[PDB]
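Novice: part one of the complex, left exactly where it sits:
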Amino acid sequence: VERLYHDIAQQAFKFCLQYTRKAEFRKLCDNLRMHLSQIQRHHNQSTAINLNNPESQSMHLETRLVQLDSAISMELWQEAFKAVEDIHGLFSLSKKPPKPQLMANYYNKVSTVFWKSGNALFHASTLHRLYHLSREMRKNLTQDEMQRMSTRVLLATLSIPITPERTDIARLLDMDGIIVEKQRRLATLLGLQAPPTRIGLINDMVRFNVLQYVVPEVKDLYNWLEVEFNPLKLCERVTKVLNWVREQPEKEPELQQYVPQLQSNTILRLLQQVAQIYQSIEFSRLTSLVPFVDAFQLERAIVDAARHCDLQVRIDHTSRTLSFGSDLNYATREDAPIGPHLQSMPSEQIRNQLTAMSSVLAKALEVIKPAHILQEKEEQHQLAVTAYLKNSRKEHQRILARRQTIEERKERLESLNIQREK
Amino acid sequence: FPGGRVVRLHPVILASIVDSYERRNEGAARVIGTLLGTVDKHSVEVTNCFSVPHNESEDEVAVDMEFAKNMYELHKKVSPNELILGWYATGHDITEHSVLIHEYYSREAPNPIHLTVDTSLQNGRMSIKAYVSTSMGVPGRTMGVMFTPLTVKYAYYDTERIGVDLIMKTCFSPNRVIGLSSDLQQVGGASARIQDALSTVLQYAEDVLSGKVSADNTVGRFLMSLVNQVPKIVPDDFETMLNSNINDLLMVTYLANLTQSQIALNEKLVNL
């Protein structure tokens, strides 16, 4: 027994924070080694582990808070990773108990500390996880506060709308990871088994009563982004709920750093659509369609998206005019190659086996749905189908004798054959 | 509204029912099994099934539910989706044995899903007649049998009903696996030919006396849509782009034979 250990750890952490930081590596290492000796030691009149969550939970939370802040303080990161790994290991070897408090605490803390480093994707996922935890803790914690729910929904949204695609340059270069199973591991950590998804995520955590509690600063901002049409009004429409949320201090400043990327993500959504709405557009018209800070900025962010093959545009061009093009050369460069971020409205394009399999089935349907020639033929096909069951029931009565004699003997004979094989 | 109202089987279910009937399981006229799958609150998703050693004798029924534990344990590892749902059997409709295989299934104790697969020749006999008891109050005798109207469908997966369509047109006549795409090609223009038959009849309706309401703005709207799909709109820029796409596709299909040739040549010098 004898805690004091917690106090010692706290002191060490404080020292590391203040004075040299290298000490963290040493201290952390020692701690891990000690935890391994016991967890994988068990051989002495030491602590009789079993159902003593007191000391357990204690040390746990302790190291946690210490590790978390520690790393997210001196700009450390590997230390934080080690801490998380250790906590996961503890949960694995400490999953015999239901679950006490602190859980929610740690969850929220981690999600927060994450936010930036990793994409707001996994971060938003952890945020939704903490939100779900607030539900259980609520039924058990009981928190009578609307503001809380509002903040929660806000954090959720942001962490969600932020990035619609990742730029895998390193991968596109080398082949190739050695960089995916690690993501799977991160997912596991967060509690997930696979990789989160997108505003998909939002559908997810809004199957709940989420269209409601949501505070209506913002209620009628996604009623543009996800719900409302219409490319040539969208950047206009969203300007006001933008100006609303971008006042930061009572709405969690957490949110309003997630907002500029999510603004660009809404632009990115708009930019993908208009390749199907238009076949060309003058750049001077194109400027007026889109309320934004500057054209000189935005064109480069379109040419960026275009260069990263999310759309095909001839935005750079002598006249300074843009051509989306009907097909030209049809490729998935236009389409965004492995994931939309917007409502399905593709125009018609011609790809291999389009006109083939269209002419097979699109003409077939016309002869199926109206027809005075089909149903008679099929009613006589019906009659040839009746005839075959009629022939069948006679054969079935013989197969009732014959295949009975096959079945029973096939258990003996074919076994006796594979007996002689072995 | 109350619960179950329809069932959605799959042709794997009827495969597993026609399996155990024809293998034999002493299936003179009756074979029973326990159906597996899941439900969504007014619909049933029956997704695969497998029989239990049954013996429906005229006043004695044998449901060894212990085997449907084993098979359920096994089939749980097979795919996690499945749940012990009820029982399936072959024809004929409601008997005293409905009352008995009720009781054996009431030891599992959710609501039952009684499937009866009548195997009679006639087209006036439905293939499989889904049932579920109402009243079903049960503190009475064994179990009241007054079954609710349910009807059946297919639905679990696409490529497995592409798999059933592959067996449908093998039932028609094989339809072996070599010429699939070419069979989809030569029934392609056949659709356009039987279309040429029907569009004649729809034109000819007006030609004789009067008619063609039938294609005034019904098929007239179908066909405008059809020509807005296949082919596309008609400049000649289209035709050259279409040609340039074939010249690319052909150059790629060519390069696939160039690679077959060099798959050969390196394989050959090593063998020398």
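Specialist: Looks like it arrived, so ask away. Residues are numbered from 1 along each chain as shown, chains lettered A, B, ... in the order given.

Novice: what parts of the stretch 101-250 of chain B come near chain A?
Specialist: B:119, B:121-123, B:184-185, B:187-189, B:191-192, B:194-195, B:197-198, B:201-202, B:214-215, B:218-219, B:222-223, B:226, B:228-232, B:241-242, B:244-245, B:248-249 (C-beta under 8 Å from any C-beta of the partner chain). In this view, the C-beta of every residue, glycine as well, is placed from N, C-alpha and C.

Novice: just those residues: which are in helices?
Specialist: Within those, residues falling in helices by DSSP state H are B:184-185, B:188-189, B:191-192, B:194-195, B:197-198, B:201-202, B:219, B:222-223, B:226, B:228-229, B:241-242, B:244-245, B:248-249.

Novice: mark which of those are buried, thanks.
Specialist: Taking 16 or more other C-beta atoms under 10 Å in any protein chain shown as the criterion, what is buried in these is B:188, B:191-192, B:194-195, B:198, B:201-202, B:219, B:222-223, B:226, B:241-242, B:245.

Novice: out of those residues, who's nearest residue A:393?
Specialist: Closest approach to residue A:393 among those (C-beta to C-beta): residue B:194, at 32.7 Å.

Novice: which residues does that closest one contact?
Specialist: For residue B:194, the contacting residues are A:367, A:373-374, by C-beta atoms under 8 Å, 6 or more residues apart in numbering or on different chains.

Novice: let's go with 10 Å and repeat that
Specialist: Residue B:194 is in contact with A:363-364, A:366-368, A:371, A:373-374, A:377, B:187, counting by C-beta atoms under 10 Å, 6 or more residues apart in numbering or on different chains.

Novice: following sequence is chain C, place it on the structure:
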Amino acid sequence: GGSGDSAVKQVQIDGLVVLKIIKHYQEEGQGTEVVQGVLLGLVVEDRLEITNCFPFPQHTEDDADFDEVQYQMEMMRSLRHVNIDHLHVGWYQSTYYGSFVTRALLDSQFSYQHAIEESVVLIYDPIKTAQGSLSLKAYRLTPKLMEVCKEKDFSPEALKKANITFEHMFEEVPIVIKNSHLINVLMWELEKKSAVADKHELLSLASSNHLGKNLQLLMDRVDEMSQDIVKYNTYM
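Specialist: Now chain C, sitting on the chains shown earlier:
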């Protein structure tokens, strides 16, 4: 006599088998090759007839790990009790990337074929190969290698069994051309589910339309083949 070499006939894979294959279609083993079941059949006229399969699952979390054979033993008794017997005359891995007979699949086959010489090894290839040709690839192992049995070691019996020069472009049997005689019931369903309940027929048939139009099918084939084949070429 189309019958195979020296212990076996051809194969016939009854439709109710292939229904049960496309139930564990291409998941539970997508990016990992998982043996998705054993082919249980019987010797019929000029062929085997695989009349039933039962699937073999494994610990498929994202890697495959072999499990207790408590599954297979209990499930092959489960077949035996209502139906025939344990009559495993082959197996099917669908599984991963249009039909390919890996060195591991040749080795697992070699253990299987030498043990029971009434065998084929199926490779059930659905829409993944762009469907496409040879959806059911059968292939049994040369009885020459079952006579110069184990093992092809790096220097001795690599050279010596290369000099014997047993086949490696070896023949693959046809699988269907005939009435299986369990056409019967599924024939009766065709008239029902065409015309007056052609929902699920037309649903399956109009799958074709979207096999053409959208994202990069032949493109992705030729892409994966740009990588798969250049890997193998460089290696040799």
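
Novice: now that chain C has been added, could you go back to the contacts of residue B:194?
Specialist: Residues counted as contacts of residue B:194 (C-beta under 10 Å, 6+ apart) are A:363-364, A:366-368, A:371, A:373-374, A:377, B:187.

Novice: can you select the buried ones from those residues in ChimeraX?
Specialist: Buried residues within these, by 16+ other C-beta under 10 Å, are selected in ChimeraX with:
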select /A:363,364,366,367,368,371,374
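
Novice: put together CSV for the contacts of residue B:194, with secondary structure on each row.
Specialist: Converted to CSV, those look like this (DSSP: H, G, I helix; E, B strand; the rest coil):
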residue, secondary structure
A:363, helix
A:364, helix
A:366, helix
A:367, helix
A:368, helix
A:371, coil
A:373, coil
A:374, helix
A:377, helix
B:187, coil
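
Novice: among the contacts of residue B:194, which are in reach of chain C?
Specialist: By C-beta under 10 Å from any C-beta of the partner chain, the members of the contacts of residue B:194 lying near chain C are A:364, A:368, A:371, A:374, A:377.

Novice: farthest-apart pair in these, please.
Specialist: Pairwise distances across those (C-beta to C-beta) peak at 13.7 Å, for the pair A:364 and A:377.

Novice: surely residue A:303 is in contact with residue A:313?
Specialist: Yes. Applying C-beta atoms under 10 Å, one finds residue A:303 in contact with residue A:313, separated by 7.7 Å.

Novice: gap between stretch A:279-288 and the chain center?
Specialist: Put simply, stretch A:279-288 sits 34 Å off its chain's centre (C-alpha atoms, centre = their mean, to the nearest Å).

Novice: so it, near chain B or not?
Specialist: No. Judged by C-beta under 10 Å from any C-beta, stretch A:279-288 stays clear of chain B, getting no closer than 12.0 Å.

Novice: chain D goes on too:
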Amino acid sequence: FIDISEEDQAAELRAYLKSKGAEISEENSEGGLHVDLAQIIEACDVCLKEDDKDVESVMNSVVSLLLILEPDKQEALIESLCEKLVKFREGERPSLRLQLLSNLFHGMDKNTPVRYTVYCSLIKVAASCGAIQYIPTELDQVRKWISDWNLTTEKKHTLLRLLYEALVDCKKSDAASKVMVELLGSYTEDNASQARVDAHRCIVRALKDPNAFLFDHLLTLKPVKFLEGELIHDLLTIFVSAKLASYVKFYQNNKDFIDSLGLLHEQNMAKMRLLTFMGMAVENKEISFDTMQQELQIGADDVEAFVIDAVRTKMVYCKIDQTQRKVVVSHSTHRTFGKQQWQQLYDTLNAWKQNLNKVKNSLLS
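Specialist: This next block brings in chain D, placed alongside the chains you saw above:
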């Protein structure tokens, strides 16, 4: 309650459950049975005596649902018990009493006494919930057999009228109405006068909803060709304004009725979808920047936004070149004989696409 598999004695088994019900039901159980093992007497009892005020007597109702039909009249006794369901006005458990005996099971259908009764019930008894489920199988069974008895099609018209009134969803009401109006002029209530009154309400729905676009659906099949427009219905007064391209037409043609309610906003919406179409599709694909703008008599970037409205209608739909090809294919608005002649073209057009190309395809493979 006790199970149905308890011995029958159909009267006495169904009446032993009355003894578990009300005391009024019990003295007419004893009195019902001791007089005779009895028909109408015993059979009307649960159906008219209180099922008190709580409807867990669905169980004994179910026992009544199969045992009244066959020992006596089905057609009269099915209509009994159904008064009760609409009286209490708790509908979910009465929906089980309708579900168990829906049709095609437990005796005979009878060809629409039961299909009238049990569907007349489930519109009123349940909300929209139960009412939805019967509409496919009903309209299927209407096609499998239409009532040669006139009055029962007037009843199935009444049930479609209850359907479109119990619906407060406009497009399902339009659907249920223009199925009822479809079956109206086809057969039964034609019988001119009965349909003439309905014709007014059709002109309300077709005008009020501009997604029943103008007159396109009415040109497709029968309704205009029976229900007169050059009568004081004024149905063809739509077909007037539908091609003639202005707010001026409707407003000068007024029923001061429909002008008020009404049609006011949709007069300009008419002008839009007709001039966009009859612009596009009779060019017959490509009109210019300024042509559309001076057709519609409005701005430039407004016609950009109206091209999106036409793309959300899917009257026009492709990639749109900016200063020419404002609107292109995906046709949906009437062009009556232009569509017919193009159909008349199509078999000759198709004749090569079906022979000539297949003579290369099937030859090649």
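
Novice: quick recheck of the contacts of residue B:194 now chain D is there?
Specialist: A:363-364, A:366-368, A:371, A:373-374, A:377, B:187, D:354.

Novice: and the furthest pair within the residues you listed?
Specialist: Across those, the longest distance by C-beta to C-beta is 18.1 Å; it joins A:377 and D:354.

Novice: packing partners for the helix or strand where residue D:360 lies?
Specialist: Using DSSP states H and E, residue D:360 maps to helix D:358-364. Secondary-structure packing of helix D:358-364 (3 or more C-beta pairs under 10 Å, 6 or more residues apart in numbering or on different chains; DSSP states H and E): helix B:180-186, helix B:188-208.

Novice: residue A:415 versus the residue of chain A found nearest chain D, what's the distance?
Specialist: Closest contact between chain A and chain D, by C-beta to the nearest C-beta, is at residue A:279 (3.8 Å). To residue A:415, residue A:279 is 71 Å away according to C-beta to C-beta, to the nearest Å.

Novice: give me the more crowded residue out of these two.
Specialist: The residue with more neighbours, out of residue A:279 and residue A:415, is residue A:279; 18 against 13, by other C-beta atoms under 10 Å in any protein chain shown.

Novice: I'd assumed residue A:334 was in contact with that one.
Specialist: No. Using C-beta under 10 Å, residue A:279 is not in contact with residue A:334, being 11.6 Å away.

Novice: which residues do these two both contact?
Specialist: Each of A:324-325 lies in contact with both residue A:279 and residue A:334 under the rule C-beta under 10 Å, 6+ apart.

Novice: confirm residue C:64 sits in a helix?
Specialist: No. The assignment for residue C:64, made by three-state DSSP, is coil rather than a helix.

Novice: fine, thanks again, bye for now.
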